[PDB]
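For reference, the chain that follows is the form deposited in one PDB entry, supplied as structure tokens.
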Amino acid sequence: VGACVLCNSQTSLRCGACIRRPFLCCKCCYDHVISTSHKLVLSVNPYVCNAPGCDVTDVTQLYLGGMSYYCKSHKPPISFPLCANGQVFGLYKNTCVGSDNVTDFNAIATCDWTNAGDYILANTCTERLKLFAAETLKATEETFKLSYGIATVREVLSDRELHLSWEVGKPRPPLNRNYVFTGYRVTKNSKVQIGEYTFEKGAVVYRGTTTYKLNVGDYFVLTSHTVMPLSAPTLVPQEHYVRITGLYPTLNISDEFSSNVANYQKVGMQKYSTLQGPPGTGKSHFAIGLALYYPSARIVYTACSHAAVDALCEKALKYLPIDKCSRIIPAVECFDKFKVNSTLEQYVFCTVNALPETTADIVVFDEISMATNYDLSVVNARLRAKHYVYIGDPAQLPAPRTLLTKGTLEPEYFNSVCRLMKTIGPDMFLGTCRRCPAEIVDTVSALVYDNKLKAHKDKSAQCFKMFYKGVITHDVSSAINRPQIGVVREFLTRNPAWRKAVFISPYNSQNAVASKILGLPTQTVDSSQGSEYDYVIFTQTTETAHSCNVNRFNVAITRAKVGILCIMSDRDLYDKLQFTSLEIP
């Protein structure tokens, strides 16, 4: 028994075929079953033929006879079919409304999540259907990680490097840091965890959580976690106020935060507010400062990643009483300078999925482009606040959608919050970049921020761009462009100063070749989001939808404090770089 995800109508019927078993009222259960392949129907029992060794599970071919379900064949003299009168049989038959359309629910219940148009629906549908989609997608995502075969240690060539043997008759996952494994050791009658790991082509390169002397027989699987059903919406209902509510502003603020005094007051005058922070516009400065502006205010700082939550803690550690902070951790090595798991503490820094049920004066959700609607509904479920602030930049990278292959995902579709910022604008905007030379700012200002991003720094005169297609080899699930790494080898010799630079590319295999040949440190664009370096050497590697995505391109070039070389495959972005052009040697 539960609530029809379409009507809210009370009902005893869940679709069995749906991987998430939504409650469907007699009306909506029927409209669903007769318009799709989904025909299994669960109640206080499962609508299946109780007859001995009959296989009938379709509800359009079944009948209640006595108190037991039968198909045409086995039914007793006296029965009625489970499925007629535009309705499927179960409790609460007289309270049951229906819906004009069920089209969106069928699409969501049935889509394989490989087309972008799927995720577009999950983010424009009714809010109840945004929750059902969020679950159905996340459960599809965790199911797909099972389709992958087991990796097993066949030899230990060295430390940091291994020989893996793979389970037969199953696909092998990509070996980049978007695929985190879990290890296992072969015990008398079962198996025990031995840390989380990632792998990269060599033999394979493994970067484990802990260290060990892991030996042959030890194996690896992408550990999947049960997706709990969702209840809270992705956003609370918005309220706009005429005075600051529930918060007491400080009378003396420092000049370090004086620029955010207006925006912090806005936060006090609406239920939730959205802050776009472009690269190095000072989001965490904003987040921590809000505390000092509302000194008595209880604030729970959250993001999806440990990394994100830890950076909030690192800034907190500068400005806020340590004795007033606490980091929440469930039973990976994060920040460890705050008393651990003290929920009643004034400032609580915690990932989404480890949040405790609790209230708070303000909730700050950071790095909001990386959040799914699923995370969005967890935060609303776990934290009842007077005020919610969503901080991020819908021009930076979303969560990877492992299943997605047909179409690109536009920022207005990353989650409900980024939909808002792209369709009615963001409530607040950090509009001065402190990090990058002006050439890089001028470029992303135009590219993705409507000429509203302003450069604190001057031109560096150290931002260069080369058009060089080079040669694109492909391996198992990445790209390589050695001639582009070639160009950069040649550049470093004439420009030795740039031997301090980080190497950034949209591919881990490009990154691996580049480390061997240049011995620069490497980040993929995805792994660089959040970090800053003085000098950056970016090889686009390909002209793919991946390598040309304007959000990835935006994060790639905004890592530089001083100077950047961009070796470019794409004429389009090449032509949009406000950088000094260089000929090819």
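When you see a residue number, it is the position in the sequence shown, counting from 1.
Trainee: Among the other entries that model both neighbours of residue 202, does it go unmodelled in a third or more?
Mentor: Yes, residue 202 lacks coordinates in at least a third of the other compared entries that model both of its neighbours.
Trainee: What about residue 395, left without coordinates in a third or more of the other entries of this protein that model its neighbours?
Mentor: No, residue 395 is modelled in every one of the other compared entries that cover both of its flanks.
Trainee: Pick one of none, 1 to 3, 4 to 9 or 10 or more for the number of deposited-sequence residues not modelled between residue 202 and residue 203.
Mentor: In the deposited sequence, 4 to 9 residues between these two have no coordinates.
Trainee: Report, from the record, the number of residues in the deposited sequence between residue 331 and residue 332 that have no coordinates, as none, 1 to 3, 4 to 9, or 10 or more.
Mentor: In the deposited sequence, 1 to 3 residues between these two have no coordinates.
Trainee: Please work out which of 365 to 373 and 245 to 253 has the higher mean CA B-factor as recorded in the PDB entry.
Mentor: Going by the record's values, the stretch with the higher mean is 245 to 253.
Trainee: Taking the recorded C-alpha temperature factors, which stretch has the higher mean, 463 to 471 or 151 to 159?
Mentor: Looking at the recorded C-alpha B-factors, 151 to 159 comes out higher on average.
Trainee: Out of 124, 231, 210, 477, which one has a C-alpha B factor higher than all the others in the entry?
Mentor: The listed residue with the largest C-alpha B-factor is 210.
Trainee: Using only the C-alpha B-factors in the record, can you name which of 117, 217, 289, 277 has the highest?
Mentor: 217 has the highest C-alpha B-factor of those listed.
Trainee: Tell me, lowest, middle or highest third: where does the Cα B factor of residue 303 rank within its chain?
Mentor: Bottom third by C-alpha B-factor.
Trainee: Would you mind checking where the Cα B-factor of residue 80 ranks among the modelled residues of its chain, as the lowest, middle or highest third?
Mentor: Its C-alpha B-factor, which the entry lists for residue 80, ranks in the highest third among residues of this chain.
Trainee: For residue 566, return the chain-relative third of its C-alpha B-factor as stated in the PDB record: lowest, middle or highest.
Mentor: Bottom third by C-alpha B-factor.
Trainee: Thinking about Cα B factors across the chain, which third does residue 285 belong to?
Mentor: It falls in the bottom third of the chain.
Trainee: Could you place residue 351 in the lowest, middle or highest third of its chain by Cα temperature factor, using the values in the record?
Mentor: As the PDB entry reports it, the C-alpha B-factor of residue 351 lands in the middle third of its chain.
Beyond the structure shown, there is the form deposited in another entry, which is absent from this document and is the topic of what follows.
Trainee: Would residue 166 and residue 80 land in the same rigid part if the chain is treated as two blocks moving between the shown form and the other one?
Mentor: Taking the motion between the shown form and the other one as two rigid parts, residue 80 does not share its part with residue 166.
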